[PDB]
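Accompanying notes for the structure given below.
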Amino acid sequence: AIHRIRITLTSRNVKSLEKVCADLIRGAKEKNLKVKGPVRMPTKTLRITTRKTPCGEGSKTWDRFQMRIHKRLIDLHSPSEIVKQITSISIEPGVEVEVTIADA
Amino acid sequence: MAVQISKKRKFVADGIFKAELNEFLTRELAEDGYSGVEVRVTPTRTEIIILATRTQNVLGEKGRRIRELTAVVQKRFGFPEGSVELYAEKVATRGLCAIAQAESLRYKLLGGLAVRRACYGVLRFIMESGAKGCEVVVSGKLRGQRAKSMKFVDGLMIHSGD
Amino acid sequence: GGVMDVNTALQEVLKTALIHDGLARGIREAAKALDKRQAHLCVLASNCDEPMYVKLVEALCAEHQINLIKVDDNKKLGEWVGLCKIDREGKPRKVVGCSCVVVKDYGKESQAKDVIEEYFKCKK
Amino acid sequence: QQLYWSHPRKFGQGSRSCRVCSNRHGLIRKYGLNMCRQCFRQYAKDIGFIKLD
Amino acid sequence: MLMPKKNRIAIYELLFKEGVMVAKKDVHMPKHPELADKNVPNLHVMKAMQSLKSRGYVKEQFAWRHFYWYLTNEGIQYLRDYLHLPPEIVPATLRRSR
Amino acid sequence: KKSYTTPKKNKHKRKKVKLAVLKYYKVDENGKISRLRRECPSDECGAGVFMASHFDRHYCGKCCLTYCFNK
Amino acid sequence: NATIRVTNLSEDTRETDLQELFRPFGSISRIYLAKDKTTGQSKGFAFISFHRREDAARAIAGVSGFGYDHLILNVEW
């Protein structure tokens, strides 16, 4: 039947993420699946604060590295067939997708 | 076959696979003009695009070498059997491929040849292939047991900013 | 292979018996093999040792499984064995006499192995 | 031969090992590291990070 | 020993079937999981490949605490006669790569 | 770091004495085989091996942690 | 041999047609078909980056064929 199916996207590149979200919102709204927009979740900071000098000597220095992940998810409610058909195709970049049976 | 690790840890483990491979290959394909990789997981399949300039020496006769490499990865990281699928790729424009240009200079030198004429020969190729400019350094010994440095530079270069 | 001559017959044993892993070389291992019911064949050879084993081997064949063969010149069967497996039965690195061997079901039971033993048993 | 070769290593600085060669001294665990700080730097370019700040 | 005669076979036969072996650098492995199944309690893979490598017949890489042994033509001939196998069998691989 | 200093003992591995081999089976008449001491009774033992005639101690050498009678 | 050269192609031959008539015959890396400028039609020359040399050496006249408009393709180096 028509099941609330959630297409979660997750990435580290804001261009690669966002355009692939747009593609799925066009193709959904084109077929009138009553698609619900992106819910952008808080971007999370991995921090690593460590020595810049091996075998510590000289003026004391450090180095901040960071990775920024991104999450956002589009909620659809439509038959699970046409979703799982169209979702896995038409993705160029290295960007992950996780389909869920139900959440609501 | 479950569950599955945290999303934070999901990226770290991918990075470790991306990196380990990239140094595994460099210790075997050095003479074949290695230039990198580009991994892609695809629906129910792995792709590992093994970029090198001369696909000839990578392939071998009856595809022996590519068969060795696929069987290695299938045991080492504990991949599910038959999911792994290798592919090769030849790059066009080889003088923008710094990694391969450096490792080619290595075997020219280790082959037993002078340093100055070798540095010049690699230079004009990477300039000819297209490039604003280019640079070479060789730091270490020669003509005695104190070290020196030898810079060979042509064209433009940048050093600062993003 | 053979024509059921005594000499070429014991050679046919060793070939497939190696694959069967039936060879209990040396008197102590031969004894344990034949004190067990795993054995089915015993072969002895010319005295290079004590006069005790020549008696004892017949005594063990009597009680458990009669099967014995005697073929002289220890160097023949000594030559036929390797140091591991096939790759040189010449081999000045090591060659030494077995003096007795015991084989388990006379190796694989297949072709001429079956016939060589069945030929001997009915006449003995 | 011997009846021993080992003694309890179950916690402490000797029961974890870092991936240089089984190097130590340089106690490390962070976010699933198991990765040596000297080589972490050499993998700044490699994937996991690109420096941006 | 150096190692039993059973555990030799189980390495040399396993190598012949995949055409390649891999292992880790440890001396506290308890039974060596990750094939050879639960009958190598020590070095044995590494110790037997090294002796084989001394006499050619294999190549060896090493990278990030993991060996990688690549069987070669010369060793295929050796292992084929050593394990009394058919005059033409390679179960490791044999097809053209496309 | 520095070189080893002199000992006044060291001895490595015993030579595991070079005894005469198989007199464990006694022949006085044929086809009879006169066995001496009992052959080992365990399921995991094959019972083709002899047990030690080691009186005031009675021990299977195939076993290496178990089955030590002493009387 | 720097390019696997194919000629005598009909105008029904396309990049996907050659991808098919090559993939179960040894996976390829890329077709470069002379598609006419502003026309999907072919011109008669094709450069097939087969990415291989072994499986192509294993068969020379089967891939030339397999069934195509009762015609036969060329394999050339």
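Even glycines carry a Cβ here, placed using N, Cα and C.
When secondary structure is read from DSSP and collapsed to three states, B:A2 (N-acetylalanine) falls in the coil class. Residues annotated as N-acetylalanine in Swiss-Prot: B:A2.
Here Swiss-Prot flags B:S6 (among others) as phosphoserine, drawing on similarity to another entry. Around B:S6 (phosphoserine), a 10 Å sphere centred on its CB holds 10 further CB atoms from the protein chains shown.
Swiss-Prot lists B:21-92 with the feature domain 'KH type-2'.
B:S35 (phosphoserine) counts 21 other C-beta atoms within 10 Å of its own C-beta, drawing on all protein chains shown. Among the features that Swiss-Prot reports, phosphoserine is placed at B:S35 (among others), with the record citing similarity to another entry.
Look at B:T42 (phosphothreonine): DSSP puts it in a strand. Over all protein chains present, the Cβ of B:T42 (phosphothreonine) has 10 other Cβ atoms lying within 10 Å. Among the features that Swiss-Prot reports, phosphothreonine is placed at B:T42 (among others).
Cβ environment of B:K62 (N6-acetyllysine): no same-chain residue six or more positions apart lies under 8 Å away. According to Swiss-Prot, the feature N6-acetyllysine maps to B:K62.
The local packing around B:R64 (asymmetric dimethylarginine), expressed as other Cβ atoms within 10 Å of its Cβ over all shown chains, amounts to 18. The annotation asymmetric dimethylarginine is assigned in Swiss-Prot to B:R64 (among others) on the grounds of similarity to another entry.
Taken from Swiss-Prot, the feature asymmetric dimethylarginine covers B:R65 (among others), and the record attributes it to similarity to another entry. Taking all protein chains in view, 18 other C-beta atoms sit within 10 angstroms of the C-beta of B:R65 (asymmetric dimethylarginine).
Taken from Swiss-Prot, the feature asymmetric dimethylarginine covers B:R67 (among others). For B:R67 (asymmetric dimethylarginine), no same-chain residue lying six or more positions away in sequence has a CB closer than 8 A to its CB.
When secondary structure is read from DSSP and collapsed to three states, B:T70 (phosphothreonine) falls in the helix class. Feature annotation from Swiss-Prot assigns phosphothreonine to B:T70 (among others); the stated evidence is similarity to another entry.
Around B:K90 (ubiquitin cross-link), the C-beta neighbours below 8 angstroms that are at least 6 residues distant in the chain are B:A52, B:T53, B:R54, B:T55. Residues or ranges marked as ubiquitin cross-link by Swiss-Prot: B:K90.
The phosphoserine annotation in Swiss-Prot covers B:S104 (among others). The Cβ of B:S104 (phosphoserine) lies under 8 Å from the Cβ of B:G33, B:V122, each of these being in the same chain and 6 or more residues away along the sequence. Secondary structure at B:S104 (phosphoserine), taken from DSSP and collapsed to helix, strand or coil, is helix.
Look at Swiss-Prot and you will find B:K132 tagged as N6-succinyllysine. DSSP classifies B:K132 (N6-succinyllysine) as coil under the three-state reduction.
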Sequence-distant neighbours of B:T70 (phosphothreonine) in its chain (C-beta under 8 A, six or more apart): B:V84, B:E85, B:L86
B:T42 (phosphothreonine) versus B:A2 (N-acetylalanine) - Cα distance in angstrom: 20
Entry from the modified residues list B:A2, B:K132 having the most other CB atoms no farther than 10 A: B:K132
Secondary structure content of the domain 'KH type-2' (B:21-92), with strand meaning DSSP E or B: 28 helix, 20 strand, 24 coil
Among B:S6, B:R64, B:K132, which are recorded as modified residues, the nearest neighbour of B:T42 (phosphothreonine) by Cα: B:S6
B:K132 (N6-succinyllysine) versus B:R64 (asymmetric dimethylarginine) - Cα distance in angstrom: 40
